[PDB]
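Encoded as structure tokens, the following chain is the form deposited in one PDB entry, with no partner shown.
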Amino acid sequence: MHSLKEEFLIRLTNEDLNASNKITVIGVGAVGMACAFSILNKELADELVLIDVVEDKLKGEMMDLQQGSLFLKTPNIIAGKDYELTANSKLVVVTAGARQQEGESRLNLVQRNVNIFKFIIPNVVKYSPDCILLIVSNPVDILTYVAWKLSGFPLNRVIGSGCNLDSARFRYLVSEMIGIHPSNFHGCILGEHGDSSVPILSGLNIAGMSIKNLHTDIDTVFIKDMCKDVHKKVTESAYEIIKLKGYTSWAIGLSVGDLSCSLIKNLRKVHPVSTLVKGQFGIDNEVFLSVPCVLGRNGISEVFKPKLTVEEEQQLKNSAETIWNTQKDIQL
């Protein structure tokens, strides 16, 4: 057919060329495939590239996706081990690495996944020097810092998925108690994507009403008690799902599709994602953790530098100390 379509088609552009929205996902595991599936459902890429080190699972996942192309708007889905396939990617989503066993801290994955990053990131930069890096692998705050150092990239193009998912979980749990859609409850989780994350009690809001304005009995103590209980469920959520299911995949897939949407579509939406926060909250080491960031086609265009409460800043400084305690021990 490649021989005979040459005479019921007139070619007007002898020069086919690159894709304008090429997205690469590294790692075709549970998280990688959920991210790729969410990115495809959002119609964000005209070319999707999958990279891994297990050839047979790579090819099977690729074929499975490819074969649903009737139902999608991504005309090129490709997969392999050779980073040449990723050349000139707009966005590279790194999901590769060790994941938590039951009861295991994300921080206990750091040495295994730094070693993996030492190989992945140089190869990414080689073929896509201008891409945005979106880090998902845990521990995400440390591996975003690591990716930043290994890549030589400016801060705007090295992003960790961070607390976008923790914040979505938090907003789900609170809106569940009220009986409204999570999109109309506003609250954010900042700091470590882990046990030391920080609820921003001062900013809880429903559809343009400060939480304190809903009811006379919703005072500072009520809010501290509520969030004490809700935040415990947030920090525990991943552990319980790992005990029950083995891993998490669907919610982070949706979160990464959310972040990719703002990045690819240049929306300048605000997300709590991992970036360098030296200079904020009394932090003086080169620690990355989640703060609100404006996202668009240049990556992080702006970082918020808010004036939060004394307690919130101190909890964030403590979160940075926890990260640094692990980060100081890695060798690059």
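Counting begins at 1, following the sequence as shown. In this text, rigid core is short for the largest set of C-alphas that superpose within 1.5 Å between two forms.
Keep in mind that the form deposited in another entry is not shown, yet the notes after this line are about it.
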item: C-alpha displacement of 2 Å or more between the shown form and the other one on the rigid core, among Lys149, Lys233, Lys243, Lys118; value: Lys243
item: Core-superposed comparison between the shown form and the other one, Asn88 Cα displacement 2 Å or beyond; value: no
item: Rigid core superposed: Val198 CA moves 2 Å or more between the shown form and the other one; value: no
item: Shift of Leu109 between the shown form and the other one at or above 2 Å (CA, core fit); value: yes
item: Closer or farther in the other form: C-alpha pair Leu289, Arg106 (3 angstroms or more); value: farther
